[PDB]
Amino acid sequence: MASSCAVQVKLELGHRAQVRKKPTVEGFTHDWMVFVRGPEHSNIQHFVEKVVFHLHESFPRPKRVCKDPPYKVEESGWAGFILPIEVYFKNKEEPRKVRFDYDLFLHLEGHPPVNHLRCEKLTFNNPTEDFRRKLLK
């Protein structure tokens, strides 16, 4: 009653994009990889249920779902887009998910490859005993 708890977890979202040696048959010029993980190789699976990357409609079966680490999608494409990522938690009370609009951008041929890192600090105010147990790993 007198105490109160805020748990903070760090998440790392990022992506890599490189112009291919040769395009694919449809003219896909880049190979990219997008991911969600924890800093310093920490294990977020303790509290992460699944990660859903929402690709752009032009990909076959755009809803890419990783239920286990590594939480990443490897694709080939030709243009950058905004990529909704949903992170689902091993809990039962709101929030059960968190959403980020991830900007999956590509550089032009002749320009340096992308290696991008985006930080996010999530704060859970007074979670359940079980959920706090897993957040703390």
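Residue indices: 1-based, along the sequence shown.
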Mean temperature factor over C-alpha atoms, higher-scoring stretch between 124-132 and 17-25: 124-132
Between the two ranges 74-82 and 93-101, the one averaging a larger CA B factor in the entry: 93-101
Given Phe47, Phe53, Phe59, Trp32, the residue at which the Cα B factor reaches its maximum: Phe59
Chain-wide C-alpha B factor ranking for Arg37, given as lowest, middle or highest third: lowest
